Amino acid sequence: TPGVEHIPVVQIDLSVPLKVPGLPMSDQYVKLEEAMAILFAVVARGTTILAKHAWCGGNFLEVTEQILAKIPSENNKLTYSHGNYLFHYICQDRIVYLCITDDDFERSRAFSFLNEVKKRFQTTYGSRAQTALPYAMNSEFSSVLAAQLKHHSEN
(Lines of atoms letter the chains of each structure in order from A and count residues from 1; the text may use other names and numbers.)
(Lines give C-alpha, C1' and ligand atoms only; values in the text may rest on other atoms or scores of the structure.)
Protein backbone atom coordinates (compact mmCIF):
# COMPACT_ATOMS: atom_id res chain seq x y z
CA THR A 1 0.00 0.00 0.00
CA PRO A 2 1.40 3.49 -1.05
CA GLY A 3 2.73 6.61 0.71
CA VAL A 4 0.91 9.56 2.11
CA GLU A 5 2.86 12.22 4.06
CA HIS A 6 2.50 14.62 1.07
CA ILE A 7 -1.17 14.68 2.15
CA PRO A 8 -1.43 17.05 5.12
CA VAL A 9 -3.45 16.71 8.32
CA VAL A 10 -5.59 19.77 8.98
CA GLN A 11 -7.12 20.72 12.34
CA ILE A 12 -10.79 21.71 12.05
CA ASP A 13 -13.58 22.84 14.35
CA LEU A 14 -17.03 21.20 14.71
CA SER A 15 -20.32 22.47 16.24
CA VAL A 16 -21.32 18.91 17.09
CA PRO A 17 -18.23 16.79 17.55
CA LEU A 18 -18.05 12.97 17.11
CA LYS A 19 -19.27 10.86 19.96
CA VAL A 20 -18.57 7.14 19.87
CA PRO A 21 -20.27 5.18 22.67
CA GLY A 22 -17.89 3.38 24.92
CA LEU A 23 -16.94 3.20 28.51
CA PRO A 24 -16.57 5.83 31.22
CA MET A 25 -13.02 5.37 32.36
CA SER A 26 -11.00 4.13 29.44
CA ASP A 27 -10.90 5.28 25.88
CA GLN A 28 -9.60 2.30 23.91
CA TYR A 29 -13.19 0.96 24.02
CA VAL A 30 -16.12 1.20 21.55
CA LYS A 31 -19.71 -0.15 21.51
CA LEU A 32 -20.48 -1.65 18.04
CA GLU A 33 -24.09 -0.46 18.25
CA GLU A 34 -25.91 2.42 20.08
CA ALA A 35 -26.12 2.93 23.82
CA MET A 36 -29.32 4.43 25.09
CA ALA A 37 -29.59 6.28 28.36
CA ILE A 38 -32.43 6.98 30.71
CA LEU A 39 -35.60 5.37 29.47
CA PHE A 40 -38.12 6.26 32.16
CA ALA A 41 -38.48 8.33 35.34
CA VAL A 42 -41.14 8.37 38.06
CA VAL A 43 -41.78 10.09 41.37
CA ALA A 44 -43.89 8.12 43.83
CA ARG A 45 -44.97 7.81 47.41
CA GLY A 46 -44.97 4.18 48.49
CA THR A 47 -46.97 2.46 45.79
CA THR A 48 -48.61 5.63 44.59
CA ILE A 49 -47.24 7.34 41.45
CA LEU A 50 -47.34 11.20 41.34
CA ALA A 51 -45.55 11.98 38.07
CA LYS A 52 -43.81 10.00 35.32
CA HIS A 53 -42.34 10.19 31.89
CA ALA A 54 -41.15 7.71 29.26
CA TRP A 55 -38.85 8.46 26.28
CA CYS A 56 -40.15 5.70 24.07
CA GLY A 57 -42.45 2.68 24.20
CA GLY A 58 -42.33 0.18 27.05
CA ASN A 59 -44.32 -1.59 29.72
CA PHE A 60 -43.00 0.92 32.23
CA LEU A 61 -45.98 1.18 34.52
CA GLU A 62 -46.36 -2.59 34.62
CA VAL A 63 -42.76 -2.89 35.79
CA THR A 64 -42.90 0.19 38.00
CA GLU A 65 -45.82 -1.27 39.99
CA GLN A 66 -43.73 -4.40 40.60
CA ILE A 67 -40.71 -2.37 41.63
CA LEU A 68 -42.41 0.02 44.05
CA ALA A 69 -43.88 -2.98 45.87
CA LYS A 70 -40.31 -4.14 46.77
CA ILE A 71 -38.87 -0.87 47.97
CA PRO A 72 -38.76 -0.35 51.79
CA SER A 73 -40.15 2.96 53.12
CA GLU A 74 -37.00 3.87 55.14
CA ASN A 75 -34.63 6.34 53.44
CA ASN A 76 -31.92 4.79 51.18
CA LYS A 77 -30.56 4.51 47.62
CA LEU A 78 -30.14 1.36 45.51
CA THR A 79 -29.87 -0.15 42.05
CA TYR A 80 -31.77 -3.21 40.87
CA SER A 81 -30.63 -5.24 37.90
CA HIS A 82 -32.92 -7.13 35.50
CA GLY A 83 -32.25 -8.34 31.98
CA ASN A 84 -30.49 -5.58 30.01
CA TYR A 85 -31.86 -2.84 32.26
CA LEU A 86 -31.06 -1.26 35.59
CA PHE A 87 -33.47 0.44 37.98
CA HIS A 88 -31.98 3.16 40.22
CA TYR A 89 -33.87 4.90 43.03
CA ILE A 90 -33.52 7.24 45.97
CA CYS A 91 -36.07 6.96 48.77
CA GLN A 92 -36.25 10.06 50.95
CA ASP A 93 -38.89 10.95 53.52
CA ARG A 94 -40.89 8.09 51.94
CA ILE A 95 -40.92 9.69 48.46
CA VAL A 96 -39.27 7.51 45.81
CA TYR A 97 -37.44 8.92 42.83
CA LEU A 98 -36.77 6.13 40.36
CA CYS A 99 -35.49 5.69 36.86
CA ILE A 100 -34.86 2.85 34.43
CA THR A 101 -31.87 2.81 32.12
CA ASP A 102 -29.91 0.74 29.57
CA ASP A 103 -27.49 -1.60 31.33
CA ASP A 104 -24.82 0.53 29.53
CA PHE A 105 -25.56 3.80 31.33
CA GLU A 106 -23.24 5.23 33.98
CA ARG A 107 -24.85 4.78 37.44
CA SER A 108 -23.36 8.01 38.70
CA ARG A 109 -25.09 9.88 35.87
CA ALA A 110 -28.34 8.15 36.82
CA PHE A 111 -28.16 9.25 40.45
CA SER A 112 -27.20 12.77 39.50
CA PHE A 113 -30.35 12.86 37.38
CA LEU A 114 -32.36 11.53 40.35
CA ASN A 115 -30.84 14.07 42.75
CA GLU A 116 -31.63 16.88 40.34
CA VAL A 117 -35.25 15.77 39.85
CA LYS A 118 -35.65 15.47 43.65
CA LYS A 119 -34.37 18.99 44.24
CA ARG A 120 -36.87 20.37 41.72
CA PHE A 121 -39.74 18.23 42.90
CA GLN A 122 -39.10 19.18 46.51
CA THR A 123 -38.72 22.90 45.74
CA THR A 124 -41.79 22.92 43.45
CA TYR A 125 -44.13 20.83 45.50
CA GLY A 126 -42.80 20.82 49.07
CA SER A 127 -44.94 19.05 51.69
CA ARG A 128 -47.83 18.46 49.22
CA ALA A 129 -46.09 15.32 48.01
CA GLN A 130 -46.72 13.65 51.35
CA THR A 131 -50.49 13.76 50.82
CA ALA A 132 -51.23 14.38 47.10
CA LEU A 133 -53.39 11.91 45.19
CA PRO A 134 -52.30 9.57 42.36
CA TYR A 135 -50.95 11.33 39.25
CA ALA A 136 -51.67 14.64 40.89
CA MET A 137 -48.35 16.11 39.78
CA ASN A 138 -48.17 14.52 36.44
CA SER A 139 -49.54 17.08 34.01
CA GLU A 140 -47.21 19.77 35.28
CA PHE A 141 -44.09 17.78 36.18
CA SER A 142 -43.80 15.18 33.45
CA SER A 143 -42.38 17.92 31.25
CA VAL A 144 -39.78 18.82 33.84
CA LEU A 145 -38.97 15.07 33.89
CA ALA A 146 -38.74 14.95 30.09
CA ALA A 147 -36.38 17.94 29.90
CA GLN A 148 -34.03 16.47 32.57
CA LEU A 149 -34.14 13.03 31.02
CA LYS A 150 -32.93 14.60 27.81
CA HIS A 151 -30.28 16.73 29.50
CA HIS A 152 -28.71 13.91 31.52
CA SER A 153 -28.84 11.44 28.68
CA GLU A 154 -26.54 13.64 26.55
CA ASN A 155 -24.27 15.47 29.05
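Residue positions are given as counts along the sequence shown, with the first one as 1.
A.B. asks: Should the higher mean CA B-factor in the entry be assigned to 58-66 or to 119-127?
C.D. replies: It is 119-127.
A.B. asks: Taking the mean of the C-alpha B-factors per stretch from the entry, tell me the winner out of 21-29 and 8-16.
C.D. replies: If you average the C-alpha B-factors of 21-29 and of 8-16, the larger mean comes out for 21-29.
A.B. asks: Pull the Cα B-factor of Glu34 out of the PDB entry and bin it into the chain's lowest, middle or highest third.
C.D. replies: Middle third, going by the recorded CA B-factors of the chain.
A.B. asks: Would you check the entry's CA temperature factor for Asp102 and let me know if it's in the chain's lowest, middle or highest third?
C.D. replies: It belongs to the lowest third of the chain when residues are ordered by C-alpha B-factor.
A.B. asks: Could you tell me which third, lowest, middle or highest, the C-alpha B-factor of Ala41 occupies within its chain?
C.D. replies: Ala41: CA B-factor falls in the lowest third of its chain.
A.B. asks: Can you work out whether the C-alpha temperature factor of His88 puts it in the lowest, middle or highest third of the chain?
C.D. replies: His88: CA B-factor falls in the middle third of its chain.
A.B. asks: Where does the C-alpha B-factor of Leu133 rank in its chain, lowest, middle or highest third?
C.D. replies: Answer is middle: the recorded C-alpha B-factor places it there.
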